[PDB]
Amino acid sequence: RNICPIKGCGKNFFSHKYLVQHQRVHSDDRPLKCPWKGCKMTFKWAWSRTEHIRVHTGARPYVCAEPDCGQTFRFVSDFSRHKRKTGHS
DNA sequence: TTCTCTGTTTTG
DNA sequence: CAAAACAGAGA
Ligand SMILES: [Mg+2]
Ligand SMILES: [Zn+2]
Ligand SMILES: [Zn+2]
Ligand SMILES: [Zn+2]
């Protein structure tokens, strides 16, 4: 059990290493930056930054493999929701 | 609806 | 292992 000390947080984590990284939730630094030209967005989590760049490019890399489905997604959560909903993969 | 945040899982 | 990615929730 690795429990967060702070405030009215106190949730526990599968791991101690993640408990340490979790602390960025209760700090205000947003050290990751958007590499797009003159976008001022900043982040704490690298995955947010990765998905975010697709708003700039328009990409839709998540492609449903179900025969004849044909659907594509910009964001992994959406792709997971659709599999969940539908049963594809 | 689009998208970001984050705890856990997968990949390398 | 650490980094990348997922899956879920929900702003
Ligand atoms: Mg920039
Ligand atoms: Zn906490
Ligand atoms: Zn940006
Ligand atoms: Zn599908």
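Within every chain, numbering begins at 1; the chains are lettered A, B, ... in the order of the sequence lines, protein sequences first and strands thereafter. Atom set for the values below is all heavy atoms of this structure, side chains included, hydrogens, waters and symmetry mates excluded.
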Do any side-chain nitrogens or oxygens of [X] fall under 4.0 Å of OP1 or OP2 in [N]?
X       : N     : value
A/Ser77 : C/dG8 : no
A/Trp45 : B/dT6 : yes
A/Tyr62 : C/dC6 : yes
A/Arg74 : B/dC3 : yes
A/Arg84 : C/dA7 : no
A/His52 : B/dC3 : no

Whole-Å distance separating the [atom1] atom of [X] from the [atom2] atom of [N]:
X       : N     : atom1 : atom2 : answer
A/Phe73 : C/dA5 : CZ    : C1'   : 17 Å
A/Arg49 : C/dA5 : CZ    : P     : 12 Å
A/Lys44 : B/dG7 : NZ    : P     : 11 Å
A/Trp47 : C/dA4 : CH2   : P     : 10 Å
A/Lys85 : C/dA7 : NZ    : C1'   : 16 Å
A/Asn12 : B/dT8 : CG    : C1'   : 12 Å
A/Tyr18 : C/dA4 : OH    : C1'   : 14 Å
A/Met41 : B/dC5 : CE    : P     : 9 Å

**Message:** Suppose we call a contact any N or O donor and acceptor under 3.5 Å apart; does that hold for the side chain of A/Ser80 and the base of C/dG8?
**Reply:**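 By the distance-only test, no, there is no pair.
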**Prompt:** Donor-acceptor pair under 3.5 Å: do we get one between A/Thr50's side chain and the base of C/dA4?
**Reply:**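 By the distance-only test, no, there is no pair.
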**Asked** With nearest nucleotides of DNA chain C determined for A/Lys83 and A/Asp78 from heavy-atom distances, which residue corresponds to the more 5′ nucleotide?
**Response**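 Mapping each residue to its closest nucleotide by heavy atoms, the 5'-most match is A/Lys83.
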Quick one, [X] and [Y] - any side-chain contact, counting heavy atoms below 4.5 Å?
X       : Y       : result
A/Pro35 : A/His56 : no
A/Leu19 : A/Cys4  : yes
A/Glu51 : A/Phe43 : no
A/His26 : A/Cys9  : yes

Which is true for [X] with a 4.0 Å heavy-atom rule: it touches a base, it touches only sugar-phosphate, or it touches nothing?
X       : value
A/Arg81 : base
A/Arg30 : sugar-phosphate
A/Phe75 : base
A/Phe79 : nothing

**Asked** Counting side-chain heavy atoms from C-beta on, which of B/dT4, B/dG7, C/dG8 comes nearest to A/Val55?
**Response**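 Looking only at side-chain atoms, A/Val55 lies closest to B/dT4.
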**Item:** Any donor-acceptor pair under 3.5 Å from A/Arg74 side chain to A/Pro61 backbone
**Value:**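 No: the side chain of A/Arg74 does not pair with the backbone of A/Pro61.
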**A/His22 and its ring pair (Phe, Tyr, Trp, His ring centres under 6.0 Å) partner, picked from A/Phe14, A/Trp45, A/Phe13** =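 Between A/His22 and the candidates, ring pair (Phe, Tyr, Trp, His ring centres under 6.0 Å) is satisfied uniquely by A/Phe13.
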